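The structure under discussion appears below in the form of structure tokens.
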Amino acid sequence: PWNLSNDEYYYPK
Amino acid sequence: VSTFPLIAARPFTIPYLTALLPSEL
Amino acid sequence: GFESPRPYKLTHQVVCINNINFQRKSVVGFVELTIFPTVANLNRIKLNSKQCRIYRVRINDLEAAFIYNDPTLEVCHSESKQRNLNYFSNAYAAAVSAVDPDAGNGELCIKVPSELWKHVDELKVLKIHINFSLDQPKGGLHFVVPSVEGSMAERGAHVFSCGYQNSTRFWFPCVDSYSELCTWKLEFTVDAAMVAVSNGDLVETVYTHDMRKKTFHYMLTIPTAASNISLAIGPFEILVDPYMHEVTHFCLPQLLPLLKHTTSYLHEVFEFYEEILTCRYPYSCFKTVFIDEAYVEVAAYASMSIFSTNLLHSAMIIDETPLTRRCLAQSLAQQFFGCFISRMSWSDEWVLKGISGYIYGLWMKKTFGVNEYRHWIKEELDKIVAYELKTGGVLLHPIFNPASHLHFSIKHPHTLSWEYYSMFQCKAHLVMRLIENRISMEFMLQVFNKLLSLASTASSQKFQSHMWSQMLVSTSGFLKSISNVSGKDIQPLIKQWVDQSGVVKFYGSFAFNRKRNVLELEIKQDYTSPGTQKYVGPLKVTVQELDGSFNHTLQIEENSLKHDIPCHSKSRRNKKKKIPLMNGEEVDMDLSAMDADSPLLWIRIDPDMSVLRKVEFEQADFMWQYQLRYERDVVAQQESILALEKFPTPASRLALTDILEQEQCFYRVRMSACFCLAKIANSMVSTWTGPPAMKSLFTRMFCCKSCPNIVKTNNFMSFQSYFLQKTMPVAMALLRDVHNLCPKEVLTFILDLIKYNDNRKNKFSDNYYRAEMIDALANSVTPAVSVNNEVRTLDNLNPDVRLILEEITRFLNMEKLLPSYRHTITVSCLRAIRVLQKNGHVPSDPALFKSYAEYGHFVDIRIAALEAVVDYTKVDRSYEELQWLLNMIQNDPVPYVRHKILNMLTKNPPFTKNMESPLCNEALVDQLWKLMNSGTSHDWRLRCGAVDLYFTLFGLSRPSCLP
Amino acid sequence: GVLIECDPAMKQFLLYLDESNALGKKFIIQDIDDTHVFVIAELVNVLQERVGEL
């Protein structure tokens with residue numbers, strides 16, 4: 001129901 | 001009937017009302 | 001340039017519908033077309049019509065003579081003894097081409113009266129007034145009339161237009177092609193308590209003189225095709241969007257709060273699609289209708305979308321919010337690029353399907369994150385390589401057979417198999433991602449904005465198609481607009497991935513030369529398989545060495561096999577320094593497993609998925625473990641999970657367990673690591689030291705600190721440990737002991753997870769977690785040890801299975817009194833009873849599933865019960881159950897259920913062509929040939945499903961089991 | 001290759017000649033551990049001259 005992709009740890013910028 | 005009795009499946013006339021609607025709200 | 005295949009040009013069409021009778025399932029109406037002949041001596045005018053009884057036709061208020069014949073009603077003659085499928089496919093393609101409006105043809109042939117020939121030679125207007133009647137439609141308009149008494153608005157009866165592609169001929173006579181654009185005037189005289197939703201904007205709503213009926217007048221000034229015109233008449237609850245005020249949402253009665261919560265996100269979808277493209281939404285209104293017994297889950301017409309009510313959820317329902325959200329998003333993407341910009345031929349359909357799927361993927365990227373985007377792209381690519389290696393290949397943009405490796409003709413959308421249609425849309429959006437890879441994303445959005453801007457300057461003119469054909473896109477126009485905005489042409493990429501119909505297969509293996517410090521890759525292609533083709537372009541490879549991550553481009557010509565790339569130092573093993581990753585960060589790695597002589601940690605062939613490929617790389621197991629742990633790409637973590645199943649060493653168990661414990665890993669990687677850890681644990685029995693896999697980890701993550709066997713009370717507010725918590729016992733139940741039976745330590749753990757479940761404290765529902773608990777109980781069932789075919793009775797039941805059977809009986813009976821959101825526990829319990837019947841535990845009796853597959857049940861229960869009956873008639877070779885299923889295909893009220901029964905009977909067939917079965921009569925061949933020929937003549941999706949079933953059962957040649 | 005058994009403290013003596021000799025591409029082709037090294041066949045007799053200083 002939300003983002004749930006830990007994007008700040010895989011693509012930090 | 002004594003061991004594992006199942007309530008028989010009855011058809012609804014409008015099944016989305018008993019499926020989709022929340023009962024505790 | 002667009003030149004019409006029709007000798008006339010249609011300007012305006014009036015569709016008036018009166019007397020919608022719900023008791024008799026009947027509509028009456030007329031249709032008035034305004035055509036301009038482009039060639040003199042027009043004589044006959046050929047229109048499209050199915051199922052409508054044509055009463056009278058008047059051309060310019062003069063009585064004209066029409067003749068009707070539909071060759072697609074009975075495709076081959078009844079007295080032809082042919083029984084091969086290639087004959088039927090050619091005859092069906094010829095029959096569909098004989099009613100095709102994309103040629104000059106059509107089903108209703110009207111003869112122009114003689115006195116109008118001096119009006120038609122000097123090219124002046126003709127106004128054709130047909131009045132018709134649908135007596136009891138088997139297609140097109142679907143009447144959902146419940147059997148509660150009361151008025152038709154009090155019982156909840158409604159009509160909606162169903163079908164796919166050009167299926168508007170099924171409810172009024174038209175020119176049912178996507179290339180005949182005209183303006184529209186739509187009047188519907190419905191009951192006073194009902195509302196009629198259609199395309200355009202509602203100009204007025206007048207009462208009738210008795211005030212018992214009212215007429216809805218719609219006008220559509222944007223020139224759309226007849227195939228984009230829809231209708232939904234019912235007692236709908238109206239809800240104006242509180243954010244965007246031209247958007248109205250219609251639901252069935254008593255479902256207004258679900259509609260309020262569900263359609264509350266749609267303004268963000270509107271804002272996204274209007275800011276990546278720079279055109280505003282082209283239509284003046286937007287209407288979302290939610291209905292019962294829908295054809296597809298989401299249909300998109302001009303200025304209107306028709307969804308099923310099964311998408312409506314409340315605020316406390318998770319695991320359904322993203323699915324409904326993305327259904328709304330792809331309906332809006334098709335509003336932009338399937339309904340406003342239309343198709344010039346049946347070729348150039350890949351352009352529209354690709355642009356719709358590509359901008360919907362951009363929406364998914366922004367909304368759910370880049371990691372969910374990469375996971376979705378990888379699952380679509382795996383889907384297409386599985387389908388294309390299975391059967392032939394999908395050919396985007398064929399030239400008119402061009403694809404003769406497959407049992408249907410690809411000249412028309414209504415002869416395609418449904419799986420081919422799904423894979424067509426899937427491959428179209430992946431090829432559009434490839435065009436974005438060659439020509440950057442901002443130039444791609446500029447292409448789409450140029451197409452939309454040409455269409456919207458075209459959409460406001462009044463000239464009858466002098467300029468209205470700029471709203472139709474083609475392949476040559478799309479490539480020319482790409483070449484206009486970028487200066488590069490993509491003709492090699494178009495020639496390889498569109499015109500050629502194949503995917504590539506890569507087999508890679510490396511060797512590190514220590515002397516010259518090089519990495520010798522060895523990439524060979526399998527190009528002799530039936531689905532494959534040969535790749536000769538460039539190929540990116542990413543090598544992670546101790547000095548960092550380096551990309552290399554390899555030129556893979558036909559005679560190429562060995563590619564020597566250079567390697568860097570190994571001075572980050574001399575000092576302990578951090579090894580820099582693919583992104584800017586750097587981590588501490590345990591280099592004890594690495595080779596002493598090689599610096600390279602892992603290799604990835606084609607990391608960005610820049611070709612339609614299937615890679616089979618041969619790394620070492622420590623390289624797969626390093627790629628699972630320290631990679632910053634989710635598709636590489638998924639492929640390392642997939643490749644670690646072949647290496648059951650305890651270092652791989654440590655790698656997957658460290659992935660499972662790790663938050664800030666993407667959650668769908670941990671959900672895969674559960675099943676990979678279960679498979680590895682099953683393979684290293686008689687070596688496993690401590691408890692079963694993931695149990696201690698479950699008690700560490702999700703149970704109480706003071707009580708290890710009592711689970712914590714449910715708080716599902718994190719949405720990543722909720723998914724991991726509901727997927728971990730399902731994988732944990734696939735554990736097996738040395739005796740091939742599930743251990744009683746994991747089964748007891750699952751039963752204690754079921755008993756101590758308390759959900760009185762979270763703001764979310766528990767139906768999916770409990771349904772997954774039933775799925776975990778079903779996974780633990782091993783086949784029973786029947787002796788001398790002993791009858792399975794209650795006393796000789798397994799002591800393990802009696803607890804499982806008690807739990808699923810309790811769950812199903814409690815669902816009968818307190819139902820779940822979409823009867824998810826009914827579906828899970830029916831699936832588990834079929835699991836217990838598939839092994840020798842419960843008697844193999846289909847009567848329970850036959851009672852759950854009746855008409856009055858919810859559609860998820862129906863398809864689960866019918867899946868159980870299809871599995872039963874495959875295993876027990878039942879003749880009467882197959883006749884039951886074929887009868888249910890012939891006469892069921894819901895056509896989605898008929899399509900699903902044909903689909904499930906194709907996926908899990910009762911016999912294949914190789915098998916000798918008792919169910920290989922001439923009677924079954926005659927029944928299925930009659931089902932292809934007649935019987936399925938009203939749907940275009942049941943007929944392709946019957947063709948698929950006949951192909952799966954009897955093959956392309958003459959049925960063998962025949963005189 | 002040519003298996004050569006040596007001393008752990010003497011293994012790095014042949015590695016310094018690898019980074020100094022410009023005859024071939026690389027002297028040591030595979031360094032097994034601390035008491036086993038490999039070599040293109042040609043420098044055992046030449047190494048015997050360096051024993052006077054070792």
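Scheme for the structure tokens: letters A, B, ... for chains in order shown; per-chain residue numbers from 1; ligand numbers from 1 in order shown.
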
For this session: Within chain D, find each residue whose DSSP state, derived from the backbone, is helix (DSSP H, G or I), and express the selection as a PyMOL selection string.
Result: chain D and resi 8-18+44-51

Taking N, CA and C atoms for each residue, export the selection above as a CSV table (one decimal), in the first residue's frame.
chain,number,residue,atom,x,y,z
D,8,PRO,N,57.9,-20.5,3.9
D,8,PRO,CA,57.0,-19.4,3.9
D,8,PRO,C,57.6,-18.0,3.9
D,9,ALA,N,58.7,-17.9,4.6
D,9,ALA,CA,59.5,-16.6,4.7
D,9,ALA,C,60.3,-16.4,3.4
D,10,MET,N,60.5,-17.4,2.6
D,10,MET,CA,61.2,-17.3,1.3
D,10,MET,C,60.3,-17.3,0.1
D,11,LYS,N,59.0,-17.4,0.3
D,11,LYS,CA,58.1,-17.4,-0.9
D,11,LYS,C,58.1,-16.0,-1.5
D,12,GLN,N,58.2,-14.9,-0.7
D,12,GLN,CA,58.2,-13.6,-1.3
D,12,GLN,C,59.5,-13.2,-2.0
D,13,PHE,N,60.6,-14.0,-1.8
D,13,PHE,CA,61.8,-13.8,-2.5
D,13,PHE,C,61.6,-13.9,-4.1
D,14,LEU,N,60.9,-14.9,-4.5
D,14,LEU,CA,60.6,-15.1,-5.9
D,14,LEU,C,59.5,-14.2,-6.4
D,15,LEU,N,58.7,-13.6,-5.5
D,15,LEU,CA,57.7,-12.6,-6.0
D,15,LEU,C,58.3,-11.3,-6.3
D,16,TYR,N,59.4,-10.9,-5.6
D,16,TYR,CA,60.1,-9.7,-6.0
D,16,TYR,C,60.7,-9.7,-7.4
D,17,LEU,N,61.2,-10.9,-7.8
D,17,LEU,CA,61.8,-11.1,-9.1
D,17,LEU,C,60.7,-11.0,-10.2
D,18,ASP,N,59.4,-11.3,-9.8
D,18,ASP,CA,58.3,-11.3,-10.8
D,18,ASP,C,58.0,-9.8,-11.2
D,44,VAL,N,65.6,-22.3,-12.2
D,44,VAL,CA,66.1,-23.0,-11.1
D,44,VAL,C,67.7,-22.9,-11.0
D,45,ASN,N,68.3,-23.1,-12.2
D,45,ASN,CA,69.8,-23.0,-12.3
D,45,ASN,C,70.2,-21.6,-12.1
D,46,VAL,N,69.4,-20.6,-12.5
D,46,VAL,CA,69.8,-19.2,-12.3
D,46,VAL,C,69.7,-18.8,-10.8
D,47,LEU,N,68.7,-19.4,-10.2
D,47,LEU,CA,68.5,-19.1,-8.7
D,47,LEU,C,69.6,-19.6,-7.9
D,48,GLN,N,70.3,-20.7,-8.4
D,48,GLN,CA,71.4,-21.2,-7.6
D,48,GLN,C,72.6,-20.2,-7.5
D,49,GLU,N,72.7,-19.3,-8.4
D,49,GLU,CA,73.7,-18.3,-8.2
D,49,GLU,C,73.5,-17.3,-7.1
D,50,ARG,N,72.2,-17.0,-6.8
D,50,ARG,CA,71.8,-16.1,-5.7
D,50,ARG,C,71.9,-16.7,-4.4
D,51,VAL,N,72.4,-18.0,-4.3
D,51,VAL,CA,72.5,-18.6,-3.0
D,51,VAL,C,73.7,-18.0,-2.2

Exercise. Hey, what's within 10 Å of residue 38 of chain D if we count only C-alpha atoms and toss same-chain stuff fewer than 4 positions away? As an NGL selection string, please?
Worked result: :D and (1-5 or 27-32)

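Residues with any atom within 8 Å of residue 284 of chain C, counting only C-alpha atoms and excluding same-chain neighbours fewer than 2 positions away, are residues 200, 201, 246, 281, 282, 286 and 303 of chain C.
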
Please produce an output containing N, CA, C and O atoms for each residue in the selection, written as a PDB file, in the first residue's frame.
ATOM      1  N   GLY C 200     -18.365  10.740 -23.434  1.00  0.00           N
ATOM      2  CA  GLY C 200     -18.666  12.126 -23.714  1.00  0.00           C
ATOM      3  C   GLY C 200     -18.959  12.885 -22.437  1.00  0.00           C
ATOM      4  O   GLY C 200     -18.609  12.458 -21.334  1.00  0.00           O
ATOM      5  N   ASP C 201     -19.614  14.027 -22.591  1.00  0.00           N
ATOM      6  CA  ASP C 201     -20.137  14.719 -21.423  1.00  0.00           C
ATOM      7  C   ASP C 201     -21.647  14.812 -21.526  1.00  0.00           C
ATOM      8  O   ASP C 201     -22.207  14.994 -22.613  1.00  0.00           O
ATOM      9  N   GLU C 246     -14.043  16.939 -12.345  1.00  0.00           N
ATOM     10  CA  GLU C 246     -14.705  16.474 -13.567  1.00  0.00           C
ATOM     11  C   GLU C 246     -14.720  14.961 -13.488  1.00  0.00           C
ATOM     12  O   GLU C 246     -15.153  14.364 -14.436  1.00  0.00           O
ATOM     13  N   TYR C 281      -5.306  15.952 -19.592  1.00  0.00           N
ATOM     14  CA  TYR C 281      -6.213  14.864 -19.914  1.00  0.00           C
ATOM     15  C   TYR C 281      -7.154  15.300 -21.027  1.00  0.00           C
ATOM     16  O   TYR C 281      -7.804  16.350 -20.905  1.00  0.00           O
ATOM     17  N   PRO C 282      -7.230  14.561 -22.136  1.00  0.00           N
ATOM     18  CA  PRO C 282      -7.861  15.111 -23.345  1.00  0.00           C
ATOM     19  C   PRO C 282      -9.367  15.223 -23.269  1.00  0.00           C
ATOM     20  O   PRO C 282      -9.937  16.116 -23.901  1.00  0.00           O
ATOM     21  N   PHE C 286     -14.152  12.302 -16.675  1.00  0.00           N
ATOM     22  CA  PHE C 286     -13.691  10.942 -16.478  1.00  0.00           C
ATOM     23  C   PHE C 286     -14.666  10.236 -15.563  1.00  0.00           C
ATOM     24  O   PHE C 286     -15.096  10.799 -14.557  1.00  0.00           O
ATOM     25  N   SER C 303     -13.065   8.240 -22.358  1.00  0.00           N
ATOM     26  CA  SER C 303     -13.557   9.050 -21.236  1.00  0.00           C
ATOM     27  C   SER C 303     -14.283   8.233 -20.181  1.00  0.00           C
ATOM     28  O   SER C 303     -15.130   8.762 -19.470  1.00  0.00           O
TER      29      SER C 303
END

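In this comparison, which uses only C-alpha atoms, the residue of C:667, C:182, C:319, C:146 approaching residue 7 of chain A most closely is C:667.
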
For this session: Show me which bits of chain C are within 10 Å of chain D, counting only C-alpha atoms, as a ChimeraX atom specification.
Result: /C:513-517,596-597

For this session: Compile the contact shell of segment 2-4 of chain A as a PyMOL selection string: residues with an atom at most 8 Å away, counting only C-alpha atoms, same-chain residues fewer than 6 positions apart removed.
Result: chain C and resi 322+367-369+666-667+719-720

Mind writing the picked residues with N, CA and C atoms as a PDB file, in the first residue's frame?
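See part.pdb below for the written result:
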ATOM      1  N   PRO C 322      -2.167  -2.215  -3.432  1.00  0.00           N
ATOM      2  CA  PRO C 322      -1.332  -1.996  -4.624  1.00  0.00           C
ATOM      3  C   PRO C 322      -1.934  -2.545  -5.902  1.00  0.00           C
ATOM      4  N   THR C 367       5.860   5.569  -7.995  1.00  0.00           N
ATOM      5  CA  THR C 367       5.003   5.278  -6.851  1.00  0.00           C
ATOM      6  C   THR C 367       5.628   4.262  -5.906  1.00  0.00           C
ATOM      7  N   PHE C 368       5.973   3.079  -6.409  1.00  0.00           N
ATOM      8  CA  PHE C 368       6.439   2.002  -5.556  1.00  0.00           C
ATOM      9  C   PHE C 368       7.956   1.871  -5.527  1.00  0.00           C
ATOM     10  N   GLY C 369       8.710   2.794  -6.110  1.00  0.00           N
ATOM     11  CA  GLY C 369      10.142   2.682  -6.012  1.00  0.00           C
ATOM     12  C   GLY C 369      10.782   1.986  -7.204  1.00  0.00           C
ATOM     13  N   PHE C 666      15.505  -5.330   0.158  1.00  0.00           N
ATOM     14  CA  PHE C 666      14.181  -5.285  -0.454  1.00  0.00           C
ATOM     15  C   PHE C 666      13.400  -6.532  -0.068  1.00  0.00           C
ATOM     16  N   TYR C 667      12.116  -6.348   0.259  1.00  0.00           N
ATOM     17  CA  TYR C 667      11.377  -7.392   0.964  1.00  0.00           C
ATOM     18  C   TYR C 667      11.095  -8.592   0.078  1.00  0.00           C
ATOM     19  N   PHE C 719       4.293  -3.368   6.988  1.00  0.00           N
ATOM     20  CA  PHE C 719       4.058  -3.797   5.606  1.00  0.00           C
ATOM     21  C   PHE C 719       5.245  -4.489   4.951  1.00  0.00           C
ATOM     22  N   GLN C 720       6.365  -4.658   5.627  1.00  0.00           N
ATOM     23  CA  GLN C 720       7.437  -5.491   5.106  1.00  0.00           C
ATOM     24  C   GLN C 720       7.708  -6.678   6.002  1.00  0.00           C
TER      25      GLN C 720
END

For this session: Kindly give the distance, in Å, that separates atom CA of residue 451 of chain C and atom CA of residue 341 of chain C, rounded to a single decimal.
Result: 7.8 Å

For this session: With a distance cut-off of 10 Å and only C-alpha atoms, select the neighbouring residues of residue 187 of chain C, excluding the residue or stretch itself and same-chain residues fewer than 5 positions from it, and output the selection as a list in words.
Result: residues 14, 15, 16, 17, 18, 29, 196, 198, 202, 204, 205, 215, 216, 217, 218 and 219 of chain C

Dump of N, CA, C and O atoms for the selected residues, as a PDB file, in the first residue's frame:
ATOM      1  N   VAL C  14     -25.410   8.988 -34.288  1.00  0.00           N
ATOM      2  CA  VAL C  14     -26.369   9.106 -33.203  1.00  0.00           C
ATOM      3  C   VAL C  14     -26.753   7.701 -32.774  1.00  0.00           C
ATOM      4  O   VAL C  14     -27.206   6.902 -33.593  1.00  0.00           O
ATOM      5  N   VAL C  15     -26.570   7.394 -31.501  1.00  0.00           N
ATOM      6  CA  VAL C  15     -26.995   6.124 -30.931  1.00  0.00           C
ATOM      7  C   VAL C  15     -28.060   6.429 -29.896  1.00  0.00           C
ATOM      8  O   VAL C  15     -27.778   7.027 -28.855  1.00  0.00           O
ATOM      9  N   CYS C  16     -29.290   6.024 -30.179  1.00  0.00           N
ATOM     10  CA  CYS C  16     -30.405   6.225 -29.267  1.00  0.00           C
ATOM     11  C   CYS C  16     -30.893   4.867 -28.804  1.00  0.00           C
ATOM     12  O   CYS C  16     -31.130   3.982 -29.623  1.00  0.00           O
ATOM     13  N   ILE C  17     -31.018   4.701 -27.494  1.00  0.00           N
ATOM     14  CA  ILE C  17     -31.461   3.455 -26.893  1.00  0.00           C
ATOM     15  C   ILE C  17     -32.707   3.759 -26.076  1.00  0.00           C
ATOM     16  O   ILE C  17     -32.680   4.624 -25.197  1.00  0.00           O
ATOM     17  N   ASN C  18     -33.794   3.071 -26.388  1.00  0.00           N
ATOM     18  CA  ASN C  18     -35.036   3.123 -25.640  1.00  0.00           C
ATOM     19  C   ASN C  18     -35.295   1.754 -25.030  1.00  0.00           C
ATOM     20  O   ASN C  18     -34.634   0.776 -25.376  1.00  0.00           O
ATOM     21  N   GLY C  29     -33.746   0.305 -30.217  1.00  0.00           N
ATOM     22  CA  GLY C  29     -33.174   1.612 -30.467  1.00  0.00           C
ATOM     23  C   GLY C  29     -33.041   1.882 -31.942  1.00  0.00           C
ATOM     24  O   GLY C  29     -33.492   1.105 -32.777  1.00  0.00           O
ATOM     25  N   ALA C 196     -27.478   6.284 -16.439  1.00  0.00           N
ATOM     26  CA  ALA C 196     -26.834   5.758 -17.635  1.00  0.00           C
ATOM     27  C   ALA C 196     -25.518   6.487 -17.838  1.00  0.00           C
ATOM     28  O   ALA C 196     -25.502   7.693 -18.090  1.00  0.00           O
ATOM     29  N   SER C 198     -21.936   6.843 -19.932  1.00  0.00           N
ATOM     30  CA  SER C 198     -21.407   6.549 -21.255  1.00  0.00           C
ATOM     31  C   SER C 198     -20.317   7.552 -21.577  1.00  0.00           C
ATOM     32  O   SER C 198     -19.886   8.324 -20.722  1.00  0.00           O
ATOM     33  N   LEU C 202     -22.287  14.637 -20.377  1.00  0.00           N
ATOM     34  CA  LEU C 202     -23.732  14.646 -20.236  1.00  0.00           C
ATOM     35  C   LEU C 202     -24.243  16.068 -20.407  1.00  0.00           C
ATOM     36  O   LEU C 202     -24.036  16.914 -19.537  1.00  0.00           O
ATOM     37  N   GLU C 204     -27.550  17.038 -20.877  1.00  0.00           N
ATOM     38  CA  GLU C 204     -28.767  17.235 -20.100  1.00  0.00           C
ATOM     39  C   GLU C 204     -29.332  15.884 -19.684  1.00  0.00           C
ATOM     40  O   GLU C 204     -28.825  14.832 -20.070  1.00  0.00           O
ATOM     41  N   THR C 205     -30.384  15.942 -18.869  1.00  0.00           N
ATOM     42  CA  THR C 205     -31.134  14.759 -18.440  1.00  0.00           C
ATOM     43  C   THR C 205     -32.591  15.186 -18.306  1.00  0.00           C
ATOM     44  O   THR C 205     -32.963  15.817 -17.316  1.00  0.00           O
ATOM     45  N   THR C 215     -34.259  10.455 -19.928  1.00  0.00           N
ATOM     46  CA  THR C 215     -33.337  10.312 -21.043  1.00  0.00           C
ATOM     47  C   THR C 215     -32.045  11.038 -20.719  1.00  0.00           C
ATOM     48  O   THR C 215     -32.062  12.240 -20.443  1.00  0.00           O
ATOM     49  N   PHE C 216     -30.937  10.316 -20.766  1.00  0.00           N
ATOM     50  CA  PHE C 216     -29.608  10.887 -20.615  1.00  0.00           C
ATOM     51  C   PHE C 216     -29.065  11.199 -22.001  1.00  0.00           C
ATOM     52  O   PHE C 216     -28.990  10.306 -22.852  1.00  0.00           O
ATOM     53  N   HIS C 217     -28.693  12.454 -22.227  1.00  0.00           N
ATOM     54  CA  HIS C 217     -28.091  12.898 -23.475  1.00  0.00           C
ATOM     55  C   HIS C 217     -26.604  13.126 -23.251  1.00  0.00           C
ATOM     56  O   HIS C 217     -26.223  13.953 -22.426  1.00  0.00           O
ATOM     57  N   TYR C 218     -25.775  12.400 -23.987  1.00  0.00           N
ATOM     58  CA  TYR C 218     -24.332  12.543 -23.989  1.00  0.00           C
ATOM     59  C   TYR C 218     -23.888  13.072 -25.334  1.00  0.00           C
ATOM     60  O   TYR C 218     -24.478  12.756 -26.368  1.00  0.00           O
ATOM     61  N   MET C 219     -22.832  13.867 -25.323  1.00  0.00           N
ATOM     62  CA  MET C 219     -22.279  14.345 -26.581  1.00  0.00           C
ATOM     63  C   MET C 219     -20.775  14.151 -26.535  1.00  0.00           C
ATOM     64  O   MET C 219     -20.154  14.405 -25.503  1.00  0.00           O
TER      65      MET C 219
END

For this session: May I ask you to extract the residues of chain B within 6 Å of chain C, using only C-alpha atoms, and to give them as a ChimeraX atom specification?
Result: /B:7,11-12,15,19-20
